[PDB]
Amino acid sequence: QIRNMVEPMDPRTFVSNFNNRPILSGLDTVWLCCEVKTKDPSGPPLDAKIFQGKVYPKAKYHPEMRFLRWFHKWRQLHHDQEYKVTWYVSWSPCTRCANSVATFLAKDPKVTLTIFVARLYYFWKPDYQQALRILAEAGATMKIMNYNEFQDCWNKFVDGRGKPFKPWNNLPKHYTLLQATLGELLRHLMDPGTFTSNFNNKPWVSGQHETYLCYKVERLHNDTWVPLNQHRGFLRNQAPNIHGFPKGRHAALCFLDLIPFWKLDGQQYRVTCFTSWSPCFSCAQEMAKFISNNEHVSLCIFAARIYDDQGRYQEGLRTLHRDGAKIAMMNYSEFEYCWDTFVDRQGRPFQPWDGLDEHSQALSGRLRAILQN
DNA sequence: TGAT
Ligand SMILES: [Zn+2]
Ligand SMILES: [Zn+2]
């Protein structure tokens, strides 16, 4: 058992170091909890270890490098086989560690590595963004720690003394922000079947209510809109869960959560979202609140379909339009743009579904009627 | 809390 393989850390050491507030100052140390397993994952790990290292002065003593050195000697003492390794790390890898791990993974086909991170370290700096992409390209699976992973880390690596994991405040909100930020910097592309199923604008017949939202930013430069290549990606609604958001968090709200986190300066910005469902009343109300308190942001909403929330969605769309949002139904050019930009198309061109233009026309006339009532 |  992992309790016999490692010295479990103090609960205060865990909670202070793994708190997932995205901006968190004062932490002088990186912590790394790991398991080494066979290709069969269910059974107990072959070994488990806790590594720590000061962030400064030298990356060579970061826990990622300590792991690599330990693992290399450990493998000499054990019969060779394929290994799946899991890390729970308090900070994501710096540029030096990301490159060393990437080089190790790239030259060893027998090792597979998954890294769950509590916080993203310097996620806004291009050097760190690039290094995480290099690591992902070497085959490392990078994810944000969620409730289940904090709970698992607590059970395995912490001297909890039988007490259960207790989540800190805003663990879910932090997770969603970091998860969207990670997908952004790794340039995650949306699955093509997922795109086609969710942005098809024919009358909806599935029992599923899910919302996918693609977003982009432009900057005003010399009375011209220029792309801002930094903040481009997609996200989806968060389904309810008592350990996440008990009543869910809709895509439009998760989108609004990102904007302050980008730390846009005082220049004029146009933020565009392509959302498979138009926002419900509560989403459009929060969107209207945002516009009114962020006047350097011009909001543009393109929707594939109009969502009837059985409530005040028509008033919500009217309020959003009057407060200055541009609201429009997606036409062929916007579907093609999202396919070309946000979808893992593997070079394949946009293949429009039957009736795309006719459905866009009917929906545009319905939107027009809503906004003029 | 934008974090030697
Ligand atoms: Zn490092
Ligand atoms: Zn909504």
Side-chain angles (χ1 to χ4, degrees), chain A residues 9 11-33 51-66 87-101 115-133 135 142-146 149-150 153 166-188 215-217 219 228-233 235 253-269 271 290 293-294 296-297:
Chain A
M9 80 188 64
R12 172 89 164 299
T13 305
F14 173 79
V15 169
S16 64
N17 278 109
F18 281 84
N19 184 278
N20 68 343
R21 181 177 211 276
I23 306 301
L24 186 40
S25 306
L27 292 178
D28 64 351
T29 306
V30 186
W31 287 81
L32 189 161
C33 301
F51 292 100
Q52 60 162 303
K54 296 291 170 265
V55 184
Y56 295 109
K58 281 311 154 133
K60 83 193 70 140
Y61 300 98
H62 287 178
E64 302 96 308
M65 302 312 276
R66 298 181 186 255
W87 291 1
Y88 295 133
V89 293
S90 53
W91 282 121
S92 59
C94 72
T95 64
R96 292 185 173 61
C97 286
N99 272 270
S100 308
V101 175
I115 307 169
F116 291 97
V117 312
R119 294 179 308 280
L120 293 170
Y121 193 49
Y122 277 119
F123 60 81
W124 62 93
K125 287 224 213 142
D127 283 359
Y128 287 75
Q129 303 169 348
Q130 183 54 30
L132 295 191
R133 287 193 291 272
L135 185 51
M142 294 204 92
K143 303 170 153 324
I144 303 302
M145 284 185 78
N146 205 343
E149 286 80 36
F150 293 112
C153 196
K166 193 150 292 253
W168 44 81
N169 171 282
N170 287 320
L171 191 160
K173 253 190 154 213
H174 299 155
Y175 169 79
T176 61
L177 262 191
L178 293 166
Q179 166 188 59
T181 301
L182 182 57
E184 223 182 83
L185 76 89
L186 293 183
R187 305 177 172 151
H188 284 165
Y215 58 86
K216 72 184 213 155
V217 189
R219 187 177 55 80
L228 195 87
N229 43 65
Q230 287 105 61
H231 300 304
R232 198 178 82 181
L235 50 84
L253 298 196
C254 297
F255 163 69
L256 290 177
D257 292 345
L258 293 178
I259 304 179
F261 195 64
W262 294 338
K263 286 295 179 172
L264 293 180
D265 67 10
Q267 304 187 66
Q268 284 291 125
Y269 288 98
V271 186
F290 184 89
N293 325 328
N294 300 266
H296 69 309
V297 175

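Computed from heavy atoms alone, side chains included, the values below leave out hydrogens, waters and symmetry copies. Numbers restart at 1 for each chain; the letters A, B, ... are given by sequence-line order, proteins then strands.
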- Query: Which part of the nucleic acid, if any, lies within contact of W91(A), taking any heavy atom under 4.0 Å across all strands shown: a base, the sugar-phosphate backbone alone, or nothing?
  - Reply: base
Quick note, salt bridge (charged side-chain N to carboxylate O under 4.0 Å, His left out) partners involving residues 256-265 of chain A, not counting sequence neighbours, are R249(A)-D257(A)
For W168(A), the ring-ring contact (aromatic ring centres under 6.0 Å, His included) test, sequence neighbours excluded, returns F150(A), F165(A)
Those residues at least two apart in sequence (or on a different chain) that pass side-chain contact (heavy atoms from CB on, under 4.5 Å) with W262(A) are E184(A), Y215(A), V217(A), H231(A), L258(A), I259(A), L264(A), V271(A)
Note: chain A reaches DNA chain B at heavy-atom distances under 4.0 Å over the stretch, first to last nt, 5' to 3', of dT1(B) to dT4(B)
Sorted by chain and residue number, the ring-ring contact (aromatic ring centres under 6.0 Å, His included) partners of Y269(A) (sequence neighbours excluded) come out as none
Does any part of the side chain of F116(A), heavy atoms only, come nearer than 4.5 Å to the side chain of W87(A), both counted from C-beta? no
Across all chains, not counting sequence neighbours, the side-chain contact (heavy atoms from CB on, under 4.5 Å) partners of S16(A) are none
Residues at least two apart in sequence or cross-chain that pass side-chain contact (heavy atoms from CB on, under 4.5 Å) with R66(A), listed by chain then number, are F51(A), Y61(A), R69(A)
Ordered by number, residues from residues 54-65 of chain A within less than 4.0 Å of DNA chain B (heavy atoms) are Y56(A)
Sorted by chain and number, sequence neighbours left out, side-chain contact (heavy atoms from CB on, under 4.5 Å) with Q130(A) holds for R133(A), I134(A)
